[PDB]
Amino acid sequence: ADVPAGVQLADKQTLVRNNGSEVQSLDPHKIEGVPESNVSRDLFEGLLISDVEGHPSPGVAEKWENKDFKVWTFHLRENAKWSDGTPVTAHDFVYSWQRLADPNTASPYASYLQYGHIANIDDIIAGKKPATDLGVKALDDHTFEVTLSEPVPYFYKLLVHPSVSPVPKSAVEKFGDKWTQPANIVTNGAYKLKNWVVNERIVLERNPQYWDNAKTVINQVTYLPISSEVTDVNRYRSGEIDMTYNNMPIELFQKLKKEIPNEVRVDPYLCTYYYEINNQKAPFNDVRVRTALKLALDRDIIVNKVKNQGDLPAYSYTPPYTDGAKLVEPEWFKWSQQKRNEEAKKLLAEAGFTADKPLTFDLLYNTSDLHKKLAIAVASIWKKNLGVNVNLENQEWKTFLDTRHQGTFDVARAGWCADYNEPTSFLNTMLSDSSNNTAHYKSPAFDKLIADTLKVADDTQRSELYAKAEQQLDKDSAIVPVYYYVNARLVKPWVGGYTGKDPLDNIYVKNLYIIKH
């Protein structure tokens, strides 16, 4: 943390953050969500990290070079250590990226190495070559070299993500799936794991072996798993929570802006809220049905009337303000809702649905006051506008993600936030073979458009291809875009270091500090 001249620090440097839900895991290769990544950034540190404003910056690698954007060489700082005192080396990264790639690990983020185009990853994911053929090597203990199959000028931006953080081989190998328990885990970030009580709390304590430990200020941070946004706000206002999770309750938000304006942080956020359609399950394999659902949803009611927190009506998957996005707003988005409603009704009537044999399906969401309120509103809008019936179903976070991967669903509430600020951080998840493709969308036309983006060495041609890829996605109505998020959360006045400037919201508790109060 960089504490400004003249700020008086509190004697007690502890922080309590709400984290939305119980994490899927603390293993960097088994996680895919925001709550998981929130904890992962304090415990495991990769090659690069985001600074306090979100720019990719030195992490374990103090400096790096690239040859033709294909061969990337990372110079690892000599004093990088794990919490047990042992050095962090390039061998740790070699083992770790191989483990990520290995199909036996079944990482939801195995395809992150396809997004970076690391040599031989397609063959490794497919079981054709062993994980040891991945194009990574330790040239020495402090030098990690990555070889890509084609030039990727933005490759280094990918490297702040938890899936490419190192994991300690000896603990993994010795304890298997219990390696992340507090008695066994070993970490290389600014913190170490102290306590982990499922559905209660995660408590982290400063890691004195962290190379940048002298600049860490917070000695202990607790992450809570509260999925009720009302409850989070309540325990924030009671004094227990210093930073809410960034999901705000419809019940209280308007009141909060008038009651504690200075605590209500609202900043840009590269995330999209949408209804994910299971594209492989009838009748959702019919484009007429998917298009009907997309068009009948009334974003103006949802965004400005029911939620009204500053979100923007969405017409794409990639947020339009992503670095490199130059998207074309489709003509349907400019129509009246009435006109969208008629076309929708028309498509379902065309698809064989009637008042007597209507369209009935489930709407799955992760337990939340916000998602439940939005799902009820969407259910009523779809009922009223299109005559479709929906059965709402909530599931806890971890189970919810597994259901989507399983494909044991119809429609699910969903949100995707960028892992790196470039359109492919969204678009790559809709590739036929992506491990993150829970829409189960498979389009050769879409796959080809994205494959072509690294076959040109021109930024405008690349941006035109992303725009066309979004148009392919939209034409197929793979999903139902709802709104682009704003990052809205409450932060006590004594919490220093949170700028709100990072559109990815990659917070590190090592950058924060408690002001005397």
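Start at 1 and count along the sequence shown; that's the residue number. Take the two forms, find the largest set of C-alpha atoms that superpose within 1.5 Å, and that set is the rigid core.
Undergrad: Say the other structures are aligned on the rigid core; which stretch then has the higher CA RMS in 8 other deposited structures of this protein, 441-449 or 303-311?
TA: The answer is 441-449, which departs more from the shown form in 8 other deposited structures of this protein.
Undergrad: Relative to this form, superposed by the core, which stretch has the greater CA RMS in 8 other deposited structures of this protein: 349-357 or 81-89?
TA: Per-stretch check in 8 other deposited structures of this protein: the more divergent one is 349-357.
Undergrad: Once you work out the mean C-alpha B-factor for both 222-230 and 307-315 from the entry, which is higher?
TA: The stretch with the larger average C-alpha B-factor is 307-315.
Undergrad: If you take the mean CA temperature factor per stretch, which one wins between 157-165 and 333-341?
TA: Taking the mean C-alpha B-factor of 333-341 and of 157-165, the larger value falls to 333-341.
Undergrad: Which has the highest CA B-factor per the PDB entry: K281, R404, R99, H75?
TA: In this record, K281 carries the highest C-alpha B-factor of the candidates.
Undergrad: Among the candidates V491, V39, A467, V456, give the one with the maximum CA B-factor reported in the record.
TA: Of the candidates given, the C-alpha B-factor peaks at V456.
Undergrad: Taking the C-alpha B-factors as the PDB entry records them, is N506 in the lowest, middle or highest third of its chain?
TA: Bottom third by C-alpha B-factor.
Undergrad: Of the three thirds of its chain by CA temperature factor, lowest, middle or highest, which one includes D68?
TA: Highest third, going by the recorded CA B-factors of the chain.
Undergrad: Place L270 in the lowest, middle or highest third of its chain's C-alpha B-factors, as listed in the PDB entry.
TA: As the PDB entry reports it, the C-alpha B-factor of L270 lands in the lowest third of its chain.
Undergrad: Against its chain's modelled residues, does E53's Cα B factor rank lowest, middle or highest third?
TA: Ranked within chain, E53 CA B lands in the middle tercile.
Undergrad: Compared with the other modelled residues in the chain, in which third is the CA B-factor of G189?
TA: Lowest third - that is where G189 ends up once the chain's C-alpha B-factors are sorted.
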